[PDB]
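To start, the structure under review is shown below, and the notes come after it.
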Amino acid sequence: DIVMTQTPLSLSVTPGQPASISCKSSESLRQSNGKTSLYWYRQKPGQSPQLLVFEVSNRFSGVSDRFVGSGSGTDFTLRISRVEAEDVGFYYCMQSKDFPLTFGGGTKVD
Amino acid sequence: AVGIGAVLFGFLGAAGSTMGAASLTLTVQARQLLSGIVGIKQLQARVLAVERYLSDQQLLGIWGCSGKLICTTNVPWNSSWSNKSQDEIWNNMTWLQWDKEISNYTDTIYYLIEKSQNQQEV
Amino acid sequence: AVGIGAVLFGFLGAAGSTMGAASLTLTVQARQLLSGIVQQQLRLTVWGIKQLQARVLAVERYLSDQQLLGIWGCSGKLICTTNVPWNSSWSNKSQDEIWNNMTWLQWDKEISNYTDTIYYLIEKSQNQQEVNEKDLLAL
Amino acid sequence: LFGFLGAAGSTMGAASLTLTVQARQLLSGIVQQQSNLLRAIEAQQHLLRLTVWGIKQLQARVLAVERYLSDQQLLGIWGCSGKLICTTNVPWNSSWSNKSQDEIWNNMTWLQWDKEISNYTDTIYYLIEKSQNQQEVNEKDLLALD
Amino acid sequence: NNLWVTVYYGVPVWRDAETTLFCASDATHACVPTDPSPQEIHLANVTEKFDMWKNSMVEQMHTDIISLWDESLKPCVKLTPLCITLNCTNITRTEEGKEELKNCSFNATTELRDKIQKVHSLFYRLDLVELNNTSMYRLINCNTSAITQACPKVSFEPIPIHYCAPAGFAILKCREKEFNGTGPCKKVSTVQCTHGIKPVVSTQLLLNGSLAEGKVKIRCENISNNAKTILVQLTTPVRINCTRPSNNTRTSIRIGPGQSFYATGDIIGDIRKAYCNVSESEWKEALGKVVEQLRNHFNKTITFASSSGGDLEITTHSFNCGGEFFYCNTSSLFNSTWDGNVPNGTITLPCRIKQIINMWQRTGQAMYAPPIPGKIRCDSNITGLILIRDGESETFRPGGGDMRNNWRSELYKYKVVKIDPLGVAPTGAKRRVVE
Amino acid sequence: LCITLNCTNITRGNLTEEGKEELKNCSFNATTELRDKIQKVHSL
Ligand SMILES: *[C@@H]1O[C@H](CO)[C@@H](O[C@@H]2O[C@H](CO)[C@@H](O[C@@H]3O[C@H](CO[C@H]4O[C@H](CO)[C@@H](O)[C@H](O)[C@@H]4O)[C@@H](O)[C@H](O[C@H]4O[C@H](CO)[C@@H](O)[C@H](O)[C@@H]4O[C@H]4O[C@H](CO)[C@@H](O)[C@H](O)[C@@H]4O)[C@@H]3O)[C@H](O)[C@H]2NC(C)=O)[C@H](O)[C@H]1NC(C)=O
Ligand SMILES: *[C@@H]1O[C@H](CO)[C@@H](O[C@@H]2O[C@H](CO)[C@@H](O)[C@H](O)[C@H]2NC(C)=O)[C@H](O)[C@H]1NC(C)=O
Ligand SMILES: *[C@@H]1O[C@H](CO)[C@@H](O[C@@H]2O[C@H](CO)[C@@H](O)[C@H](O)[C@H]2NC(C)=O)[C@H](O)[C@H]1NC(C)=O
Ligand SMILES: *[C@@H]1O[C@H](CO)[C@@H](O[C@@H]2O[C@H](CO)[C@@H](O)[C@H](O)[C@H]2NC(C)=O)[C@H](O)[C@H]1NC(C)=O
Ligand SMILES: *[C@@H]1O[C@H](CO)[C@@H](O[C@@H]2O[C@H](CO)[C@@H](O)[C@H](O)[C@H]2NC(C)=O)[C@H](O)[C@H]1NC(C)=O
Ligand SMILES: *[C@@H]1O[C@H](CO)[C@@H](O[C@@H]2O[C@H](CO)[C@@H](O)[C@H](O)[C@H]2NC(C)=O)[C@H](O)[C@H]1NC(C)=O
Ligand SMILES: *[C@@H]1O[C@H](CO)[C@@H](O[C@@H]2O[C@H](CO)[C@@H](O)[C@H](O)[C@H]2NC(C)=O)[C@H](O)[C@H]1NC(C)=O
Ligand SMILES: *[C@@H]1O[C@H](CO)[C@@H](O[C@@H]2O[C@H](CO)[C@@H](O)[C@H](O)[C@H]2NC(C)=O)[C@H](O)[C@H]1NC(C)=O
Ligand SMILES: *[C@@H]1O[C@H](CO)[C@@H](O[C@@H]2O[C@H](CO)[C@@H](O)[C@H](O)[C@H]2NC(C)=O)[C@H](O)[C@H]1NC(C)=O
Ligand SMILES: *[C@@H]1O[C@H](CO)[C@@H](O[C@@H]2O[C@H](CO)[C@@H](O)[C@H](O)[C@H]2NC(C)=O)[C@H](O)[C@H]1NC(C)=O
Ligand SMILES: *[C@@H]1O[C@H](CO)[C@@H](O[C@@H]2O[C@H](CO)[C@@H](O)[C@H](O)[C@H]2NC(C)=O)[C@H](O)[C@H]1NC(C)=O
Ligand SMILES: *[C@@H]1O[C@H](CO)[C@@H](O[C@@H]2O[C@H](CO)[C@@H](O)[C@H](O)[C@H]2NC(C)=O)[C@H](O)[C@H]1NC(C)=O
Ligand SMILES: *[C@@H]1O[C@H](CO[C@@H]2O[C@@H](C)[C@@H](O)[C@@H](O)[C@@H]2O)[C@@H](O)[C@H](O)[C@H]1NC(C)=O
Ligand SMILES: *[C@@H]1O[C@H](CO)[C@@H](O)[C@H](O)[C@H]1NC(C)=O
Ligand SMILES: *[C@@H]1O[C@H](CO)[C@@H](O)[C@H](O)[C@H]1NC(C)=O
Ligand SMILES: *[C@@H]1O[C@H](CO)[C@@H](O)[C@H](O)[C@H]1NC(C)=O
Ligand SMILES: *[C@@H]1O[C@H](CO)[C@@H](O)[C@H](O)[C@H]1NC(C)=O
Ligand SMILES: *[C@@H]1O[C@H](CO)[C@@H](O)[C@H](O)[C@H]1NC(C)=O
Ligand SMILES: *[C@@H]1O[C@H](CO)[C@@H](O)[C@H](O)[C@H]1NC(C)=O
Ligand SMILES: *[C@@H]1O[C@H](CO)[C@@H](O)[C@H](O)[C@H]1NC(C)=O
Ligand SMILES: *[C@@H]1O[C@H](CO)[C@@H](O)[C@H](O)[C@H]1NC(C)=O
Ligand SMILES: *[C@@H]1O[C@H](CO)[C@@H](O)[C@H](O)[C@H]1NC(C)=O
Ligand SMILES: *[C@@H]1O[C@H](CO)[C@@H](O)[C@H](O)[C@H]1NC(C)=O
Ligand SMILES: *[C@@H]1O[C@H](CO)[C@@H](O)[C@H](O)[C@H]1NC(C)=O
Ligand SMILES: *[C@@H]1O[C@H](CO)[C@@H](O)[C@H](O)[C@H]1NC(C)=O
Ligand SMILES: *[C@@H]1O[C@H](CO)[C@@H](O)[C@H](O)[C@H]1NC(C)=O
């Protein structure tokens, strides 16, 4: 089993400054295809989550430019810039390199 | 994430089964004699890999056995080579044990398979 | 001073023709697979090793497909027939739809996920046939 | 005439009766026959330096492999796979040679035929590969007819 | 009826041969940085005895690691302009480390040619030779060698190495748990490549190795008497903590055009010696597991001696962590007596360090390991022993000899075979048809 | 060795020495292992 840990528990309330968050991997998630497994989601409280990041520094369609996630090897980040709206949600990562599929831990957004 | 579907004949696999059931998996091990999982000594490794393969293909061409897995020659089996019955060979014996049984008599049999091809005179 | 005489078929000249008239030119590509321009009419140069590596590669790829023909029932031939029935989950297309309408390199991009499954079944029915041709010679 | 290349000098009617002598030295006795190439490898393992005679054994092996496979491929594209005298359906064009059979088979060697027909063999090989390819197409859909 | 010969091609028969496997790596001039995912095919009903002490993979892997170590010293700096009469004196400033250092000054060559640079550095007494308190010294191997400085950007970290099988060959592996090293198995399996094997270069104690996962395994080689080595597998890993408690300033001196010498500038503060702690309760627990397993192979009383005084590479505990080479004194781990049928405390091991190191038991190719800035701290598991027998009683000493005994302890699972694909058998009434 | 050589004849009842005028007795400052030390040798 591979464990994913994200350190900040919530988000700062100010819509001016962007505060980047990050996950950490217990094992390197590079798969033998030459591709990684780290994702990033947003579960709005009351609604289903949605995809935001399908690979490290790759952005899903219909997603604003604030959402971008870098990472090299086992270290991983999520760069955040130009906080544009009050789109609340629950942030958590994904280990999809093996089984079982383990997510992050949750991070509230307000 | 990678699952595992159906399972077919692996590489050695039938190495411990009997010689009646190991002669249905002959194509699996013939694929691996040349390909492999592969700067002047980088080339001498490759040329030996080619010439170990072509040495066994030319020897099958000396005989009648070119381009087939099971072939048949008209050399009689001398009953002093091994005198075992047909059911205790093809149903009660592996290929690793039969290889140790006639390891003495290998150069004698190859010399007769080659001679009976020069005695075609056709 | 030269000049172009009469012309014949050439290398890859039936690529993108069709599938039934590009199989009338199989020997034209099969002639250019082993010997190239490397063979013409003082040691360890950069261009010397790079020429020698091109000659060891050209034998390894040729023997790869030539091995795979002999494991099947098809050695020394250009068109051979097998006993493996075609499975429509591999491709469902019609007989007049891949012949006379499709070309190769369009059929190549269609069944390239299924060739490893197809290759296993040709080899399996060759073991089953050669044991039976042995066991028919015991009467 | 028995012995390697001993029929060089005889006429090609009698030089073609002993073709087994040549197609055994050139199929068996080339790569399968020698095991002393891997007795010189350990002697190259004793010395720690790549010598001049180690390079020349690469170039004499890669010339030996290519000379073997570029005569078996060419016999594979044609219908003449594992045999020494084979017939084809290609009619002999008299503009290749107008010469009679008694002059060819009984007053001319093979080495005098090399120096007469060599400008024409690239044209002749095209017509053997083309007629072999037309044959196997015809015996496939004939096969599928019944 | 008669009985006829047939020839089958593609037959599952292997013989035991020797070849050259190719080095992979978990991802230079000798290895291939592709990272494979190997597979394993569990066989059935085959035994295939191994004889671990006659294994060709150990001779090849010893050859390749020497080849990797020499390859990373070819673009490095030759140090033959630094063989001068040095002018060495004692350092004057926890003050029990000034005896083993000097403060040597020497005339050097510079970026130009007609002028002379006067510089200084702090060497060790193990890296100096008296020539004919201020007196004139000389380095170790001006006499025999051309010393080469190790390039500072190249770390000495053990990076794991897979060995994969070529065309026509295979690699076998006993799946079972309690395997003595030699003799037949019942559970073997074919792999594409080995597991990741870390090149831990160490003497007298196996560091960061694998584990027994059984009781305790010990394996002695079976020449006429076993007066040579014996390898303990040591289930529970005893943990050792090794450190050097002194910061180091590293000054760089330009010897020539485009090349410079990284020397030792100054000691800031204390000069306390380098050492290693060993947990005493876990070590004496560990020797109790070893001594009962040795009774099943000798059945006498079992005492542990120490290596007699001599050279450093044959007596002391040699390892590498942090980029420097610790030579640690293991006399306080190996005296005991076990006459047939919880300790409070820790153990202090004295450790000396050297910089001109001559590795792989070979003359002519010494290496100046550069100094490391900062305070080195390092942790490692003791997972094995290398013991030697001297022969009532029987005494044991710390092992020595080649570095290949580090690779019997890893490659004991594996075996390389060669596949002979032709095979003949009597067939039946199957004779070749007449035409 | 490509240096100036301080080279002179050999200081050696008639047939016991014949080819004196082919050999000479050269001497020169040669280097050694230690970079600051110089040494003389007396090669023929
Ligand atoms: C048996 O197995 C154990 C387990 O792996 C092994 O212990 C580990 O050894 C490695 C040796 O590579 C140790 O790695 C070193 O760690 C130190 C400390 O890192 C910690 O602290 C920093 C700062 O607080 C944290 O950021 C970090 O995450 C760790 O928590 C590092 O300082 C070392 O880095 C230097 O060396 C690397 C390799 O050259 C460089 O990539 C790196 O950038 C650093 O070099 C730079 O700085 C130097 C000055 O500090 C300078 O001199 C250089 O020129 C360069 O500019 C290094 O990563 C690891 O910590 C050990 N772990 C434990 C638990 O002990 C044993 O070594 C092994 N034993 C044997 C005998 O094989
Ligand atoms: C390993 O040996 C066992 C011996 O029992 C094989 O199992 C038997 O094989 C015979 C062969 O015809 C069958 O008739 C029996 O029914 C098998 N027994 C069982 C319980 O299935 C086994 O097949 C061998 N392994 C392999 C891979 O062939
Ligand atoms: C079958 O094998 C037997 C082996 O016992 C052969 O008989 C012996 O062959 C050797 C070698 O040629 C001779 O030195 C012996 O004198 C032979 N024994 C006798 C009693 O003569 C035998 O030749 C082989 N072939 C046949 C057809 O039986
Ligand atoms: C290098 O060695 C020389 C002598 O071989 C030292 O020179 C003198 O040493 C005495 C000893 O106390 C001093 O009193 C003099 O002042 C020194 N003279 C000079 C010109 O240095 C010299 O000290 C040594 N160098 C070092 C760095 O120890
Ligand atoms: C470095 O070079 C200097 C200069 O060549 C050396 O100084 C000489 O030391 C001796 C010993 O006392 C004196 O007799 C000379 O007069 C000094 N020379 C000059 C020009 O002052 C010095 O000894 C050398 N040091 C080393 C370690 O090689
Ligand atoms: C080794 O000796 C040298 C020279 O004796 C020391 O360099 C001296 O350092 C002090 C403190 O910075 C200066 O005041 C002197 O002027 C230096 N002398 C020279 C000639 O440069 C050096 O500090 C000594 N190293 C240690 C570790 O004690
Ligand atoms: C060797 O180092 C380990 C750390 O790797 C030490 O283990 C620590 O022991 C203290 C006891 O005072 C605990 O509080 C820590 O939690 C332990 N750390 C870990 C990571 O387990 C060990 O004590 C050291 N042993 C010696 C003899 O120095
Ligand atoms: C370090 O090792 C040395 C020998 O390698 C040990 O030195 C011996 O110490 C005992 C202690 O009583 C003396 O009786 C011996 O005479 C010493 N040996 C020699 C050759 O003189 C030393 O004890 C070890 N260090 C520690 C801390 O045990
Ligand atoms: C074994 O090593 C120890 C130290 O490494 C030697 O010194 C003994 O140390 C213990 C420590 O508790 C003392 O109780 C003993 O009295 C010491 N021995 C003597 C003779 O005083 C010891 O000498 C070594 N040898 C033996 C046989 O124990
Ligand atoms: C083993 O290492 C530890 C730390 O690495 C040393 O522990 C220190 O011991 C001194 C007194 O001996 C204390 O004043 C320190 O507070 C300890 N360190 C810590 C972090 O608590 C220990 O001395 C070492 N064992 C030796 C040298 O035998
Ligand atoms: C090097 O050459 C010089 C002359 O250029 C030699 O000097 C004199 O040689 C004569 C001949 O033996 C001696 O009698 C003198 O005593 C030498 N002069 C001095 C000042 O010694 C010198 O001998 C030559 N070197 C050698 C080794 O022969
Ligand atoms: C070897 O080096 C010595 C260095 O002293 C040379 O000796 C000097 O040579 C010069 C030039 O002839 C004389 O002026 C000096 O008087 C000599 N010094 C002494 C102490 O004799 C010597 O000539 C060199 N030898 C050779 C063969 O070049
Ligand atoms: C190498 O050094 C050995 C040890 O002797 C040391 O070096 C000599 C030159 C003297 O300075 C002596 O006082 C030293 O202790 C010698 O035995 C050996 O001959 C030297 N040479 C070689 C080629 O090994
Ligand atoms: C076959 O030969 C062996 C040894 O030559 C002999 O022991 C055995 O009895 C023979 N078999 C029969 C059926 O006689
Ligand atoms: C042959 O089969 C019998 C059982 O039918 C078995 O007892 C015997 O061990 C087998 N032969 C060998 C050599 O194993
Ligand atoms: C093969 O011959 C050797 C003598 O060279 C003999 O010891 C051995 O028993 C023979 N093999 C068999 C299976 O009998
Ligand atoms: C190219 O396509 C045209 C029609 O699309 C066809 O008539 C022609 O034969 C094709 N050329 C070749 C060389 O097949
Ligand atoms: C495949 O072809 C058949 C025609 O018989 C058709 O019924 C089927 O829908 C086709 N499947 C796909 C996926 O196009
Ligand atoms: C043959 O395939 C082409 C695809 O390039 C298609 O345009 C054409 O309509 C097909 N022919 C028929 C008769 O459908
Ligand atoms: C060589 O020439 C002579 C003279 O014509 C002839 O009798 C003989 O048969 C020839 N031999 C061969 C091998 O051609
Ligand atoms: C070629 O042979 C024919 C008879 O086969 C003859 O009529 C013709 O003249 C010959 N050609 C030449 C150039 O003589
Ligand atoms: C036929 O052979 C004889 C002798 O072998 C020779 O003189 C004559 O020239 C040959 N015929 C031709 C047309 O060359
Ligand atoms: C390990 O077990 C095998 C299996 O019987 C045996 O042959 C070998 O002698 C044993 N080794 C030791 C050291 O006990
Ligand atoms: C070996 O070292 C690793 C890394 O520090 C550690 O996780 C493991 O517990 C150690 N093994 C033992 C037996 O202490
Ligand atoms: C060692 O020296 C550095 C250099 O300034 C200093 O910063 C550090 O405090 C010193 N002491 C240590 C690492 O204990
Ligand atoms: C062998 O070990 C037993 C205990 O397992 C012991 O009683 C016996 O004395 C030992 N043998 C000798 C000769 O001491």
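Virtual Cβ from ideal backbone geometry, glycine too; neighbours counted across all protein chains shown. Values quoted throughout were computed directly from the atomic coordinates according to the rules given, and no laboratory measurement underlies them.
Where strands (runs of 3 or more DSSP E) fall entirely within chain F, those with at least 2 residues that are farther than 30 Å from E:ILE140 by Cβ and more than 16 Å from ligand 1 (Cβ to nearest atom) are at F:6-8, F:25-30. Taking the criterion of being loosely packed, with under 13 Cβ neighbours inside 10 Å, more than 15 Å from the chain's Cα centre (by Cα), within 25 Å of D:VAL137 (Cα to Cα) and of a type in the set (D, E, K, R), would at least one residue in segment C:81-103 satisfy it? Scanning segment C:81-103, I find at least one residue that is loosely packed, with under 13 Cβ neighbours inside 10 Å, more than 15 Å from the chain's Cα centre (by Cα), within 25 Å of D:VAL137 (Cα to Cα) and of a type in the set (D, E, K, R), so the answer is yes. Among the residues making up segment E:255-276, a single one is basic (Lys, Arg) and surrounded by fewer than 16 Cβ atoms within 10 Å (Cβ to Cβ): E:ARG272. Considering only segment A:77-97, I want to know if a residue exists there that is in a strand (DSSP E or B), in contact with a strand residue (DSSP E or B) (Cβ under 9 Å, 6 or more places away or on another chain) and acidic (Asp, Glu). No, segment A:77-97 contains no residue that is in a strand (DSSP E or B), in contact with a strand residue (DSSP E or B) (Cβ under 9 Å, 6 or more places away or on another chain) and acidic (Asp, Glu).
Is it true that some residue in segment B:34-50 is within 7 Å of another protein chain (Cβ to nearest Cβ), farther than 24 Å from E:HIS162 by Cβ, among the polar types (S, T, N, Q) and surrounded by fewer than 18 Cβ atoms within 10 Å (Cβ to Cβ)? Checking segment B:34-50: not a single residue is within 7 Å of another protein chain (Cβ to nearest Cβ), farther than 24 Å from E:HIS162 by Cβ, among the polar types (S, T, N, Q) and surrounded by fewer than 18 Cβ atoms within 10 Å (Cβ to Cβ).
Checked against the criterion of being within 30 Å of D:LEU38 (Cα to Cα) and of a type outside the set (A, V, I, L, M, F, W, C), the candidates E:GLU59, E:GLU111, E:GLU96 yield just one match: E:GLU59.
Would you confirm whether or not segment E:330-344 contains a residue that is hydroxyl-bearing (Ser, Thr, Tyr), touching a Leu at 6+ places or on another chain (Cβ under 8 Å) and more than 24 Å from E:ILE388 (Cα to Cα)? No: segment E:330-344 contains no residue that is hydroxyl-bearing (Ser, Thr, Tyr), touching a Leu at 6+ places or on another chain (Cβ under 8 Å) and more than 24 Å from E:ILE388 (Cα to Cα). Selection over segment E:108-145 of residues that are in contact with a strand residue (DSSP E or B) (Cβ under 6 Å, 6 or more places away or on another chain) and part of a loop (DSSP other than H, G, I, E, B) gives a count of 9. Restricting attention to segment B:82-122 and to residues that are facing another protein chain (nearest Cβ under 8 Å) and part of a loop (DSSP other than H, G, I, E, B), the residue that is nearest to ligand 24 (Cβ to nearest atom) turns out to be B:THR94.
Could you check how many residues of segment E:392-435 are among the basic types (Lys, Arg) and more than 14 Å from chain B (Cβ to nearest Cβ)? Spell out the reasoning first.
Looking only at segment E:392-435, we keep the residues that are among the basic types (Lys, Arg), and these are E:397, E:404, E:408, E:413, E:415, E:418, E:430-432.
Now drop any that are not more than 14 Å from chain B (Cβ to nearest Cβ), which leaves E:397, E:404, E:408, E:413.
The number of residues fulfilling the criteria is 4.
Checked against the criterion of being in contact with a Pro (Cβ under 8 Å, 6 or more places away or on another chain), away from ligand 2 (no atom under 16 Å from the Cβ) and in a strand (DSSP E or B), segment E:341-356 contains not a single residue that satisfies it.
Within segment B:67-80, restricting attention to residues that are surrounded by fewer than 19 Cβ atoms within 10 Å (Cβ to Cβ) and at the interface with another protein chain (Cβ under 8 Å from one of its Cβ atoms), the residue that is farthest from the chain's Cα centre (by Cα) is B:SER79.
D:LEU17 - would you say it is within 14 Å of chain C (Cβ to nearest Cβ), out of contact with any strand residue (DSSP E or B) (no Cβ under 6 Å at 6 or more places or on another chain) and aliphatic (A, V, I, L, M)? So D:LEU17 does not fit the description; no. The number of residues in segment E:68-94 that are assigned to a loop (DSSP other than H, G, I, E, B) and either among the acidic types (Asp, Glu) or away from ligand 1 (no atom under 16 Å from the Cβ) (or both) comes to 11. Checked against the criterion of being closer than 25 Å to E:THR383 by Cα, within 14 Å of chain B (Cβ to nearest Cβ) and of a type in the set (A, V, I, L, M, F, W, C), the candidates E:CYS193, E:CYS220, E:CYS242 yield just one match: E:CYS193.
Out of curiosity, is D:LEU58 more than 11 Å from the chain's Cα centre (by Cα) and not β-branched (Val, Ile, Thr)?
Numbers: more than 11 Å from the chain's Cα centre (by Cα): yes; not β-branched (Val, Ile, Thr): yes.
So D:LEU58 passes the test.
One residue stands out among those in segment E:251-276 that are under 30 Å from E:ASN381 (Cβ atoms) and not in a loop (DSSP other than H, G, I, E, B): the one that is nearest to ligand 6 (Cβ to nearest atom), which is E:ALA274.
Being within 30 Å of A:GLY34 (Cβ to Cβ) and assigned to a strand (DSSP E or B) is true for just one of E:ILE41, E:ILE65. Which residue is that? Full working, then the answer.
Details: E:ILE65 fails: assigned to a strand (DSSP E or B).
Of E:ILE41, E:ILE65, the one residue that is within 30 Å of A:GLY34 (Cβ to Cβ) and assigned to a strand (DSSP E or B) is E:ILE41.
Considered as a group, the residues in segment B:46-64 that are in contact with a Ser or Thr (Cβ under 7 Å, 6 or more places away or on another chain) and assigned to a helix (DSSP H, G or I) include one that is farthest from E:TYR9 (Cα to Cα), and that residue is B:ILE62.
Restricting attention to segment E:229-245, which residues are among the β-branched types (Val, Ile, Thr) and over 19 Å from the mean Cα position of the chain (by Cα)? Reasoning before the result, please.
At the first step, the residues of segment E:229-245 found to be among the β-branched types (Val, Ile, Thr) are E:229-230, E:232, E:235-236, E:238, E:240, E:243.
The answer is E:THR235, E:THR236, E:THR243.
The set of residues in segment F:19-39 that are under 23 Å from E:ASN107 (Cβ atoms) and either more than 14 Å from chain E (Cβ to nearest Cβ) or touching a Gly at 6+ places or on another chain (Cβ under 7 Å) (or both) comprises F:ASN29, F:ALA30, F:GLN39. Annotation: of all residues in segment E:290-335 being aromatic (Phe, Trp, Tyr) and not in a strand (DSSP E or B), the one that is nearest to ligand 12 (Cβ to nearest atom) is E:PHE334. Of the numbered criteria (1) surrounded by 18 or more Cβ atoms within 10 Å (Cβ to Cβ); (2) closer than 16 Å to A:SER96 by Cα, the one A:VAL68 fails is (2).
On the given criteria, is E:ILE84 away from ligand 15 (no atom under 16 Å from the Cβ), within 12 Å of another protein chain (Cβ to nearest Cβ) and loosely packed, with under 13 Cβ neighbours inside 10 Å? Full working, then the answer.
On the way: away from ligand 15 (no atom under 16 Å from the Cβ): yes; within 12 Å of another protein chain (Cβ to nearest Cβ): yes; loosely packed, with under 13 Cβ neighbours inside 10 Å: no.
No.
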